[PDB]
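Take a look at the structure set out below.
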Amino acid sequence: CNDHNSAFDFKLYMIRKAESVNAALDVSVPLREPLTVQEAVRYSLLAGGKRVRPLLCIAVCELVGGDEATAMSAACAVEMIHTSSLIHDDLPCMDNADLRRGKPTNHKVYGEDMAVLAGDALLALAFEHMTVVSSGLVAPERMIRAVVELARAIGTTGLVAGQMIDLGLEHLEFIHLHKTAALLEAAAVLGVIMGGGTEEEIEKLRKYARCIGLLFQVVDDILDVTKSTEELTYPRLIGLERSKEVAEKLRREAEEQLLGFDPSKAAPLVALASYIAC
Amino acid sequence: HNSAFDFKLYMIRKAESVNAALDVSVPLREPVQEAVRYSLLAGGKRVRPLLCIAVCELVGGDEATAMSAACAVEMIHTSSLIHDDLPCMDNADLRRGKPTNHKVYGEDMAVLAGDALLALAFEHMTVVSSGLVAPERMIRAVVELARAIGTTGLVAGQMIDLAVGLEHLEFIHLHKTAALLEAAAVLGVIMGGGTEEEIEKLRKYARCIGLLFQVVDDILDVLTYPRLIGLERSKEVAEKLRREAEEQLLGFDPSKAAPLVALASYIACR
């Protein structure tokens with residue numbers, strides 16, 4: 004984790020993509036009347052984010068030869084779903100967070116009822132937004148495949164199952190595979206689909222995204238024991267040293283999925299794995 | 007007279023094939041499903057999946073072809089019931105004499121179960137129907153379902169309901193009741209191979225029917260129609276809604292139209 008030129012480039016990449024994503028999200032949920040609805044939806048959606056999921060979607064679409072523009076509504080859709088899951092996670096019945104990124108959580112602003120409902124609205128808006136924009140830009144069979152992939156990433160085979168179970182090691186990887194990886198996989202596969210890429214590229218980048226998600230969760234535990242005096259985790263299941271080994275194996279596994287792609291087009295995803303691992 | 011009894015039998019038949027399909031759609035065999045099935049298979053009138061099927065048949069389609077869309081609109085209906093029962097909203101301990109979802113599984117599981125049903129509606133409808141219909145229709149079906157649920161659909165209705181009269185009330189009823197019925201009907205026309213012009217007619221029918229339901233419910237009960264516009268004008272609104280619904284059924288064979296005429300009647304004469 005040493006090459007600073009690619010890190011500088013990627014830092015700039017992140018800022019630019021996040022800016023583009025924030026503009027498109029702002030436009031995706033217009034401040035139109037009835038404000039009661041739109042405001043509660045917008046509050047959590049337009050709060051500051053690293054936007055790694057829509058960024059991954061965009062980067063993958065570019066990798067296989069596509070444009071940011073073409074990938075943007077799918078990218079926004081995955082950020083909407085991710086936002087919905089955060090709203091419900093923060094709820095008193097679940098995590099009971101007062102704060103999110105330093106700012107009051109949704110239910111703390113609008114009430115619990117409104118927060119539940121806002122989560123529901125965001126789930127529906129993802130499918131609507133993605134389909135209504137993307138259907139004009141890709142073959143209808145691809146559009147249908149995109150809808151299926153999104154829906155599957157959300158459900159009993161994806162995000163919701165992972166949330167429910169989160170209430181030995183194989184269990185921890187189950188949680189991480191479902192809460193984090195499924196929606197990242199969705200983001201990457203939607204990237205390939207929106208970029209006109211092949212079935213092979215779809216599975217390669219699905220694998221890439223799975224590695225990236227797992228890597229994020231391992232590195233999160235490492236960072237916590239490494240920087241919280243209080244600190258079920260990887261360093262307490264298999265040690266801190268082996269935890270770092272696992273992180274590094276995951277990162278190299280992600281990187282190998284990008285072999286044979288155009289170096290230039292591959293650079294942001296190489297750098298994304300490096301950024302996460304360090 | 008007898009025609010209403012025929013419709014009763016019709017509803018019972020369609021409901022039982024919908025219940026079968028719903029059972030199959032959330033396979034109990036796990037690795040979550042239990043919380044979902046508990047509310048989804050609890051039993052209802054299944055009026056929205058019936059509307060979907062009846063409308064598919066109307067335009068010359070099959071029950072089998074519309075069944076996944078019908079199940080999807082029932083999953084969405086079921087989702088909104090689970091979320092409505094929650095402590096933070098209607099705080100109901102019971103539903104049809106039976107404990108509500110959060111009372112069996114906890115509020116967190118209930119919330120999650122609602123979210124799962126929302127995703128499963130899209131996955132199930134799209135995987136099965138795509139399937140049986142041209143891809144452009146499938147796409148349009150996804151857009152209609154999505155539009156019925158959110159900020160211009162059911163959730164908008166719920167949010168505004170949490171809060180002088182007629183504009184507000186019509187908004188709530190149109191979004192909280194009508195939007196999803198409209199989805200059921202339009203999905204019926206789409207899966208049935210019907211035309212755009214049949215779509216608009218049946219969207220209109222579903223709308224009249226949903227509104228009719230709420231107006232008649234307010235009339236039976238003597258922020259309502261009779262207090263905002265009077266009892267007399269409420270009965271007038273009910274009658275023109277009923278008849279508006281029937282006029283959408285012009286141009287179809289009487290026999291195929293019969294269950295939708297009968298459903299309009301059944302909502303009118305409660």
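Those protein sequences? They're chains A and B, same order as listed. With PDB author numbering applied, the first sequence covers 4 to 170, 181 to 244, 258 to 304. With PDB author numbering applied, the second sequence covers 7 to 37, 40 to 171, 180 to 238, 258 to 305. Ideal Cβ positions, reconstructed from N, Cα and C, are used throughout, including at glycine.
Please report the residue range of the alpha helix (DSSP H) in which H85 of chain A lies. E71 to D93
State the DSSP-derived secondary structure class of residue 178 of chain A, mapped to helix, strand or coil. For residue 178 of chain A, nothing is modelled; it lies in the interval where chain A passes from 170 to 181 with no residues in between.
With 9 Å as the C-beta to C-beta threshold (strictly closer), list the residues of the region 93-112 of chain B near chain A in chain order. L94, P95, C96, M97 and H110
Distance, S88 of chain A Cα to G68 of chain A Cα: 31 Å
Is the Cβ of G158 of chain B closer than 8 Å to any Cβ of chain A? yes
Look up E131 of chain A in the DSSP assignment and say whether it is helix, strand or coil. helix
So, at 7 Å on beta carbons, what are the nonlocal neighbours of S137 of chain B in its own chain, with the 5 sequence-adjacent residues on each side left out? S76, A77, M146, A149 and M207
Out of A:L285, A:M167 and A:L48, point me to the one whose CA is closest to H191 of chain A's CA. A:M167
If I'm right that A201 of chain A touches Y221 of chain A with Cβ under 8 Å, what's the distance once you round it to whole angstroms? 6 Å
What whole-angstrom Cβ distance do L258 of chain B and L185 of chain B have, given they're in contact under 8 Å? 6 Å
Residues of the region 201-227 of chain A with a CB closer than 8 Å to any CB of chain B: list them in chain order, please. none
If contact is defined by three or more beta carbon pairs under 8 Å, each pair taking one atom from either stretch, is the region 281-301 of chain B in contact with the region 57-64 of chain B? yes
Name the residues in the region 138-170 of chain A whose C-beta lies less than 7 Å from a C-beta of chain B; which are they? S138, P143, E144, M146, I147, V150, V151, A154, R155, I157, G158, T159, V163, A164, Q166, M167 and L170
How many Å lie between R35 of chain B and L126 of chain B at the Cα? 20 Å
Looking only at its own chain, which residues have a Cβ that is under 6 Å from the Cβ of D70 of chain B, when we skip the five neighbours before and after it? none
Would you check if there are 3 or more beta carbon pairs closer than 8 Å linking the region 40-47 of chain B to the region 106-118 of chain B? yes
Which residues in the same chain as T86 of chain B place their Cβ atom closer than 7 Å to its Cβ, once the five residues preceding and following it in sequence are excluded? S47, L48 and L125
Any beta carbon of chain B sitting closer than 8 Å to that of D29 of chain A? no
Apply the 10 Å Cβ neighbour rule to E82 of chain B and answer buried if 16 or more other Cβ atoms are within range, or exposed otherwise. buried
State yes or no: is the beta carbon of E36 of chain A nearer than 8 Å to at least one beta carbon in chain B? no
Check the Cβ of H91 of chain A against every Cβ in chain B and list those closer than 8 Å, keeping chain order. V119, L120 and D123
Same chain only: Cβ atoms within 6 Å of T73 of chain A, ignoring 5 sequence neighbours per side: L140 and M207
Alpha carbon of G210 of chain A to alpha carbon of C64 of chain A, nearest angstrom: 8 Å
Give me the Cβ distance between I84 of chain A and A129 of chain A, rounded to the nearest whole Å; I'm assuming they're in contact under 8 Å. 5 Å
I need the DSSP call for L218 of chain A, collapsed to helix, strand or coil. helix
Since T160 of chain A and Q230 of chain A are thought to touch, with beta carbons under 8 Å apart, how far apart are those beta carbons, to the nearest angstrom? Going by Cβ atoms, the distance from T160 of chain A to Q230 of chain A rounds to 19 Å, so no, they are not a contact pair.
Who are the near neighbours of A50 of chain A in its chain, counting only those whose CB is closer than 8 Å to its CB and skipping five residues on each side? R103, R104 and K106
Taking just the CA atoms, how far does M133 of chain A sit from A27 of chain A? 12 Å
Coarse secondary structure for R54 of chain A, derived from DSSP in three states: coil
Below-8 Å beta-carbon distance, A127 of chain A vs any chain B residue: yes
By Cβ distance below 7 Å, which residues in the same chain neighbour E214 of chain A in space, the five residues on each side in sequence not counted? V67 and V205
State yes or no: is the C-beta of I225 of chain B within less than 8 Å of the C-beta of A280 of chain B? yes
Does any C-beta atom of chain A lie closer than 8 Å to the C-beta of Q283 of chain B? no
Check whether chain B comes within 8 Å of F287 of chain A, counting only Cβ atoms and requiring the distance to be less than that. no
6 Å CB neighbourhood of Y113 of chain B in its chain, flanking five on each side removed: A43
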